[PDB]
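Asker: Sharing a structure here in structure tokens format.
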Amino acid sequence: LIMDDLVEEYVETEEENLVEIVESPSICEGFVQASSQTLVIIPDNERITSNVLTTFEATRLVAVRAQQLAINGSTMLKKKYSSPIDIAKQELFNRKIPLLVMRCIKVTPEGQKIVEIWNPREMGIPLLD
Amino acid sequence: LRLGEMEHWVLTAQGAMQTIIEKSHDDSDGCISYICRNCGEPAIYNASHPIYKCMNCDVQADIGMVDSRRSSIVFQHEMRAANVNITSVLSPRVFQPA
Amino acid sequence: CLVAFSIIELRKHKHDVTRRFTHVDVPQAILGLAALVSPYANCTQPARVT
Amino acid sequence: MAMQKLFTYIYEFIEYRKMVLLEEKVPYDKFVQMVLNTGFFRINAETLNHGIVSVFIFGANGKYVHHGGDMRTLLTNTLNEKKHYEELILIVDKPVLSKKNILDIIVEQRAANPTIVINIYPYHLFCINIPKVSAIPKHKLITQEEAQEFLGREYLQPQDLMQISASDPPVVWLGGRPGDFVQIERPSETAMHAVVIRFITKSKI
Amino acid sequence: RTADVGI
Amino acid sequence: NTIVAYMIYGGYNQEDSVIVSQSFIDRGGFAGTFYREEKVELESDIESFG
Amino acid sequence: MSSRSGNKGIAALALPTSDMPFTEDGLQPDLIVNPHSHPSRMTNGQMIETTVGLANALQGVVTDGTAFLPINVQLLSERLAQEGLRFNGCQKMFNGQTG
Amino acid sequence: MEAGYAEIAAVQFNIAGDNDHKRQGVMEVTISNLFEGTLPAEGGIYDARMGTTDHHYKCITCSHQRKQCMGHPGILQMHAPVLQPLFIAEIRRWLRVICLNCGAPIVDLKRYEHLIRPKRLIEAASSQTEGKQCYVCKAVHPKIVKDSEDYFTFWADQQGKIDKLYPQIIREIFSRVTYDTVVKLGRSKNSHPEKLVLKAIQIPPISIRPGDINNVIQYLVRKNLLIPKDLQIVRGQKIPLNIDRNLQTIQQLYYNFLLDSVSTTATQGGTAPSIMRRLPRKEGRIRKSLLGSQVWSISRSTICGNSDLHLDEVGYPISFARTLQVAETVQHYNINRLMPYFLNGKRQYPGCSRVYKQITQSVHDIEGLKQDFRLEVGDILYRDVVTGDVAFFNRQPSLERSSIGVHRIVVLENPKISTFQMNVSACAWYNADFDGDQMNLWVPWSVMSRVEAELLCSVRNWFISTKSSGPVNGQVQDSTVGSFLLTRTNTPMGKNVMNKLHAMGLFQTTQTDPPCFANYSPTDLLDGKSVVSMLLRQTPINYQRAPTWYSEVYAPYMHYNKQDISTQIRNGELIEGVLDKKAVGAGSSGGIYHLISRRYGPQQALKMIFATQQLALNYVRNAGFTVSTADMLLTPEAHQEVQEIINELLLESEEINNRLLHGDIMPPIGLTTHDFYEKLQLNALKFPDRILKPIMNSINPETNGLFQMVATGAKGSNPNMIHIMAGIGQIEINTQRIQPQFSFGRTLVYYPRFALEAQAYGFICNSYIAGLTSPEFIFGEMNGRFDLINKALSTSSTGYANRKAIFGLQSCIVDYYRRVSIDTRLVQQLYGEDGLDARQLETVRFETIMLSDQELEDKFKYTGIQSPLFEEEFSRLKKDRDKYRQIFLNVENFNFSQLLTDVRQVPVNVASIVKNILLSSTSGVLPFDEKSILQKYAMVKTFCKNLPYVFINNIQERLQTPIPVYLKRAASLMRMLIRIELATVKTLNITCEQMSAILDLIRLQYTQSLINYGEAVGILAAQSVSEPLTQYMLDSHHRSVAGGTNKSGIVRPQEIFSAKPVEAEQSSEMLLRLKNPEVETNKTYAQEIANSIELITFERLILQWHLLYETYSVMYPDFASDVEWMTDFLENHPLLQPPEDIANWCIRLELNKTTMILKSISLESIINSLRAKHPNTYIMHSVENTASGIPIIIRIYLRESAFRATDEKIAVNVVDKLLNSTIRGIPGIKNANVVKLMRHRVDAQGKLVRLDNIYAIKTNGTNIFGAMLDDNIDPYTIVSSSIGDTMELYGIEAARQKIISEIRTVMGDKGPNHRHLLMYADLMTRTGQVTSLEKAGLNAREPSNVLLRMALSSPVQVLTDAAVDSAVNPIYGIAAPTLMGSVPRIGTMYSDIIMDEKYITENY
Ligand SMILES: [Mg+2]
Ligand SMILES: [Zn+2]
Ligand SMILES: [Zn+2]
Ligand SMILES: [Zn+2]
């Protein structure tokens, strides 16, 4: 008759305090898809973000390049390195990386994805070697 | 062996990712979720057996491939079991002006 | 009860009419069996005795 | 000593608002006599925009803050005169801000005259020179053009900014209205002062 | 053994 | 009753570490037997040992 | 590993007999304990026990060290001198690896 | 086909009606059978169309296996409707606002057409509406009664007519509600009440109910099969007995399936874990499966020390290295390197275990690939972990940014080693020790994770603390003592020198290239400074600081060597002084390793730490170091001296006792005699400074190991040595002595009642080495148990506060403008107000701050060229100094003890750059050149003008586009530092090209110090502020616990973080400055004012009071003698005759003469503070001449003007009002002491002088308004610890500054960087109100972030409110993406990567 495995009833006590008209059209109810965006690339002379790669951006570039060299491997590097990580790091250091950095500055309500496109081959590299 | 809340906080304080990804998805229950993108409901996609369908809007199925975890899928299923409708809006497609 | 913590304390106040103990204690009686394993525990920080 | 500090500091509040005084200035004793007898003191000031600002200094034990009908009658009568009346300021005691009925007539009068600004403030808001307080950094209202250019450079909306209440004592002394922008020069222990722009929102009450 | 639960 | 030298020896006993004599370990110092049990039951008559 | 004064210890290194430090009279330790574990912890009972057991071993006796028993560290240190050892329990030791 | 890649941008929560269930259901449950043999029965709850959980069958719906099938919902068509269990409260609200006959709203919709939408329905249902008449159908609305026997049954009460509201009837009622009514009541069109009743429930996918929760579903299906399918219930049908029970049990089964064992505030009613029970708490779905996760490819073991490993290395046992594998993809560049791993296979190390062949798209065992010879391109080889691989090292609890670090693997090939070995200097990253600690180690196998581990998470990035902005690692214990022993001038053996052989042996294990000893003879002697310089010449730095070895408290004793007390390093050469904790210790800001990291990078710093540690350990390998029992033994003479000192302490205590016995102890105003006596005893029993004299007389400092560890900072402190050798002293618990808890007046059974000796109250007269007696040991055990309790509950309290802070701050992320924003709403205009990383700061003195007007001219006014440019430069310098002084003197004014400092944390140390360039300069004392000097001045001026462009880019600097004002202010400090250190007087021997190089180096260092885009700075601040909280707990027994000053535990931090109101604060304080600068010097005047503003009420001075029904112009018999002094008062007060409105009610109060004497309260003060206070009263007092024995009686007679409710009750309320009147002081101030204030003021010479002779009142309790009303206090300098008081009177900005100051006070001296406090304060004040770090603050700040609020706490209510309100949850931050199975878009994912199509086409 003795049951040991009790479940410990759980209680929430602090209540939240968040602060014509027809049935529904095919517009107000629905349209979860969200309208497509157009890519508004800021002109190179209007860019305000840093011309130096952050350690996050440089690390992501190296990781993406090395993962791509894992499946690919056609490389523009001169010296031969035995690991994709070293190859990607030297590609970034030799300014031969085939990737670009897009910094999404703002998404407008009208449907514009305002971005700044930065070339890592003309950027400052903060990584170590 | 568990990578708890605080380990994730430390990893995201270092801004890591790609290790949160590796451990929490590739070395954990990480899976692939399919959403219709037209209604936001979990869609049915199968490449081998040809299945591209949505139990919601049928001819309007536009299935997107979303990286997820089985824990999150189970959590959303549990929310829907309590009669709470979960709809994923999905990121809009962005197009470069030609 | 007013207890002298040791026979040394009782002997010290043998003629002290202002300290009239009802009982005398053996000092080791305040520790359990596991605490008494520690040698010279009163010379060690008590948290280390724990 | 609330009434003395109120008397000495309300006029510098008016001057800090860049308002020219109207009527005259009365001694302290006559001031408290009027406050006890009539139940309140009224101070009239004129803004640079040729508008009129009326300050009502009610008493803690006055009848106008104990019965809602008296306050309703006073507000209706004062708003029925022929003046621009840019803003009405009613200075009351702190518990008066808790008596819901008076706040209800204040809201009703505010709805009755939308073009007229009615604000009710506690005593401590005018019992010290707020801009001269050491703990309070320098607040300054920036024009809508400067705010618009700042938001355009930052790719920001006014709703993305940090918020500040229109009942904030520095904002009250500045005269900022909801929807405006205030530039704050705050002292900094990392950069040796800093500049922040906040969005003025609806005043508490 | 999910089938251990019968009919 | 281990012989203990309270000293610095190569920085290998820092922060609650201890350098142990390998010979002391080999001779039986703190050596012993660890026992684990494995109890398994036949679920019903449809199971048997073999 | 731990002493009776609450000083836990993780075995980090095992050294052969030749690598262990040894005294001029050939005494070597089973364990080497960092002296820095003593000051903050104030486990002086362990030091006193070492001092008393040094004389106990040479005298062939098993002394009682129960808490609150009458104790005099100076008298025990003098007792160390009567066994041929120094006033402290300190001895001339040689590095086992270099001699 | 080809499902394209997508990401979830937002999540919509809605109430799922039966139409949604029908649309989404893949199958309809119709039978109760579970399995048809080995397969699920079709139409049952286990039917495979719902998904597969077993390997024995596929899905059918998606034709996937168990792993790839996410599960699909089904349908159960209920024969009778059921109410939605989560929205019972919504059903109740809707039932009370709409007519149950025609569905029209009984309430007036215009009445609620001014409230916000989420509140309209709540207020509509709040109104009674019972008996209201519908204006459409003229029906009477019944009383909607919620049955108290269950959580779902509703009763219709029509004036006693009782009828059950069945779900079918409720659906009929709800289906008549128009969408117009739904919208006008603040509800979404997706929240129509018709969805609250379900005729078709959704049976969840089998993926969430694996093969109990299916028992409930089976029971529900079985019971649903019993109800007739044609059941049609209308209002008042009288379902006889059994359909009623069946419907009730079906509804109860559904309610238990959804919400069993979970209450929630929205639960109306009373009386197999459910679906909603799986979510909450630590073991629930969210916290255990979404926010954290179990992972593969990970190892755990005990950690032990290994001094032969580098700081960035970890010792990995080989058995673990053959278990964890690295995934290397075979390509042309790595095939040759990976071939040995393939050949070794599983038989030899290093080998491999699995191969993923690309041609077969599957994994192959290495023992089945014996015929492959080589590996193909595109193959994936899973090789063993080898030395040099990177691994993630983690120790729980993970509280710091360095709690997870990346180390290079060193594989330990000894099969008998099973521990994770690490350098002892690496333990500071993890707060680890080698006493049983276990750490997790996992080796990244994927390429991206490995890149990130070696590029982002390496421990070299955590050498500088993100919290304290200082070094983390350094020499510890044996290394600190070894550095001291190696660098000391003399040993007991003479001069500290070694021959060439032993000097060479010091570098044997340094792992560096050894120095050259060829210029040394075998008999040559080398001092330790020489070998330390040989090591440190590789990274030349400049150091000049007194060592920890030299302590002034030790100076009177000992004989300090003059060459050991001034540590100086010039260009890597150790000239003099010893190296100890101050120079080489871990966490030593400004130490040699911090300088090495600043000039050469933290990797060089770690390498130098390892090298110097090896040097010190190799020195100790010959010098030897030990501690003995004799090290802690006093000489008999020193023991007698210690006994004499303790006798003097006890004699002072006995003198205080004798004063108490004769009644000579007079407490001051504000303390009782007990409190004053306790304070006197606590002051008398403190050990004097000369207690060290006997200790050092017994200690040979050049030989004492214990003293050497304590003095060099390796371990221990002076109190430890004093307790060990001389005596423990007074045992203090919460600032007070041992309380008499054994009995009334007894502390222990060993001491008599009301004992006055100090020993009875915790004073321990014996040292540890002498041994403690039984009562002394009991008091010591009480203290130690306090320490243990505080340590135990510190973890839990820190966990609670840390989780709350993390969830409040995690969404704060640095954006591309280097602002901090929650999604898009700004929190900071610039991170830390300077846009700098906390790891890239250096403390630098500003030389011009303290200079007067004349020394500023004599040091910085260049007079070598008669040009106005140098006058302008000096004016700029002076204006910078004046602005700095004004800002940081204003900061002094709104703080308690925040003094103006000469040093600031700056990204760039300009003076160090100039010194390095001058040292490397191949010139010196350049000839005078006007053109060069003017050119250098112009370059510096232009560089200062263009400095804020480091915050934007080189493009805008070239275009010279306008700089925002906040970015101009961000560079103010660096502009100041540059203009000081690059002044013309300081740059006379620097060429123009050298000036260009200096400016370029400054620009590079400034750019390298900026905070990265996408940094989770909120989480950084949360960690940096929660870490000191456990140390704040560890000193909880050193903090007061009494009322009005309760600072024990987390009371103050919870008050700060929860934004608790003024009345909820237990340690409120205020600081008041006299409104007269010239009389702040008088301590007597300050004490007068402090005692004047102390709050005294009438109740404080009442012994007892009696209210009477007697008028006056009968008398309670017990006081018939009062008419004597009554008539005396009438005679002595001719103009105070009783008025002709005297009523029956009157109080008679007895004044407490003891309190009146102690508080200096006079009867006239009472009479005038009650007479000119109370209008409707008549007060009478006795003749104050009363001595001891006859009392002062105050009879207050009331008037009917007060009575102008029960008469007796209002009379008692009047009594209460009279008692609470303020006799003296300012309301809210319990105590008011006088404190000596340290302040800076600028004198007439322009000099900044620190004044110690300022007196101020430090009150207990806060009243800013009251403190500003009195004219004896400066109103513009009121500082109160209350955040709410400051916000209410000063504003949100002053409230933010107060939050900063209070958090800084809580953190203490070892607090985090100021930018983390700025983060905390700016998050809490971003809305214009002081929001908390609790659930309410999150609700105020991020109401739309439903997932984050569910992850924090109370998931059920948050989910219910989101479904009801149709909340749209944008996916941003960390918690929301994580709960959706995605990754936060921060850090490496903050910026996305695209392919450079043009470059790829033109460079294939
Ligand atoms: Mg530990
Ligand atoms: Zn769809
Ligand atoms: Zn399936
Ligand atoms: Zn009706």
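Chains A, B, C, D, E, F, G and H, in that order, are what the protein sequence lines are.
Counting with the entry's author numbering, you get residues 9 to 27, 38 to 147 for the letters of the first sequence.
Numbering follows the entry's author numbering, with no gaps: position 87 of the second sequence is 1231.
Numbering follows the entry's author numbering, with no gaps: position 29 of the third sequence is 777.
Numbering follows the entry's author numbering, with no gaps: position 126 of the fourth sequence is 126.
Numbering follows the entry's author numbering, with no gaps: position 2 of the fifth sequence is 512.
Numbering follows the entry's author numbering, with no gaps: position 26 of the sixth sequence is 873.
Numbering follows the entry's author numbering, with no gaps: position 87 of the seventh sequence is 1082.
Counting with the entry's author numbering, you get residues 1 to 211, 225 to 284, 296 to 1137, 1143 to 1233, 1241 to 1440 for the letters of the eighth sequence.
The beta-carbon is built from N, C-alpha and C at its ideal position, and this holds for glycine as well.
Starting from B/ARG1237, find everything on chain A with Cβ-Cβ shorter than 8 Å and list it in chain order.
Answerer: Neighbours of B/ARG1237 on chain A, chain order: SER54 and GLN55.
Asker: Applying the 10 Å Cβ sphere with the 16-neighbour rule, what's the burial state of H/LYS306?
Answerer: So H/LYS306 ends up on the exposed side.
Asker: H/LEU348 and H/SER331: beta carbons closer than 8 Å?
Answerer: No; because the gap between Cβ atoms is not below 8 Å, this pair is not in contact.
Asker: Quick one: any contact between the segment 1059-1067 of chain H and the segment 1173-1189 of chain B, if contact means 3 or more CB pairs under 8 Å?
Answerer: With a cut-off of 8 Å, the segment 1173-1189 of chain B and the segment 1059-1067 of chain H do not count as touching, because too few Cβ pairs lie within range.
Asker: Listed in chain order, which residues are found with a beta carbon closer than 6 Å to a heavy atom of ligand 4?
Answerer: Per the Cβ criterion, the list is H/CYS99, H/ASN101, H/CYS102, H/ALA104, H/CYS134, H/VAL136, H/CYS137 and H/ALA139.
Asker: Under the three-state reduction of DSSP, which class applies to D/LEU125: helix, strand or coil?
Answerer: It is helical.
Asker: For the beta strand (DSSP E) holding D/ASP29, just list the boundary residues, first then last.
Answerer: No beta strand (DSSP E) contains D/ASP29, which is instead part of the alpha helix (DSSP H) from 28-38.
Asker: Taking the Cβ atom as the reference point for each residue, do B/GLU1151 and H/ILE428 lie within a distance shorter than 8 Å?
Answerer: Yes.
Asker: What's the C-alpha gap between H/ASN543 and H/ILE633?
Answerer: The alpha-carbon atoms of H/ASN543 and H/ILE633 are separated by roughly 27 Å.
Asker: Using a Cβ cut-off of 8 Å (strictly closer), state whether C/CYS749 contacts chain G.
Answerer: Not one chain G Cβ lies under 8 Å of C/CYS749.
Asker: Pairs of beta-carbons, one from the segment 1180-1192 of chain H and one from the segment 1118-1127 of chain H, closer than 8 Å: are there three or more?
Answerer: Contact holds: three or more Cβ-Cβ distances are below 8 Å.
Asker: Near H/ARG1003, which residues of its chain fall below 8 Å by C-beta distance, leaving aside the five closest residues on each side in sequence?
Answerer: Result list for H/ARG1003: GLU897, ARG900, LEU901, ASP904, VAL964 and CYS968, in chain order.
Asker: Does the segment 850-859 of chain H come close enough to the segment 1382-1398 of chain H that 3 or more CB-CB pairs lie under 8 Å?
Answerer: Contact between the segment 1382-1398 of chain H and the segment 850-859 of chain H is absent, because fewer than three Cβ pairs lie under 8 Å.
Asker: A/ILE143 and A/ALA76: beta carbons closer than 8 Å?
Answerer: Result yes, Cβ atoms of A/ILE143 and A/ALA76 sit closer than 8 Å.
Asker: Along the segment 1175-1205 of chain B, what residues have a CB closer than 8 Å to any CB found in chain A?
Answerer: Correct list: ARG1181, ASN1182, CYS1183 and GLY1184.
Asker: Against chain C, does H/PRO776 count as a neighbour if the rule is that its beta carbon must be under 8 Å from one of theirs?
Answerer: Closer than 8 Å: yes.
Asker: Do H/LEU1044 and H/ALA825 have their CB atoms nearer than 8 Å?
Answerer: Taking 8 Å as the Cβ cut-off, H/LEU1044 and H/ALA825 do not qualify as a contacting pair.
Asker: On the three-state DSSP scale, how would you describe H/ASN14?
Answerer: DSSP places H/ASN14 in strand when its eight states are reduced to three.
Asker: To which residues of the same chain is D/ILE142 closer than 6 Å at the C-beta, ignoring the five residues directly before and after it?
Answerer: Result list for D/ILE142: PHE181 and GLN183, in chain order.
Asker: Residues of chain H with CB under 9 Å from C/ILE755, in chain order?
Answerer: Residues of chain H passing the Cβ test: none, with the nearest at roughly 12 Å.
Asker: Going by C-alpha distance, which of H/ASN724, H/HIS21 and H/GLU130 is nearest B/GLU1185?
Answerer: Here the closest residue by C-alpha is H/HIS21.
Asker: Distance, Cα to Cα, H/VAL1248 vs H/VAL1212?
Answerer: Cα to Cα, the separation comes out at about 27 Å.
Asker: Verify whether the separation of the beta carbon atoms of H/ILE1309 and H/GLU1338 is less than 8 Å.
Answerer: No, these two residues do not count as a Cβ contact at 8 Å.
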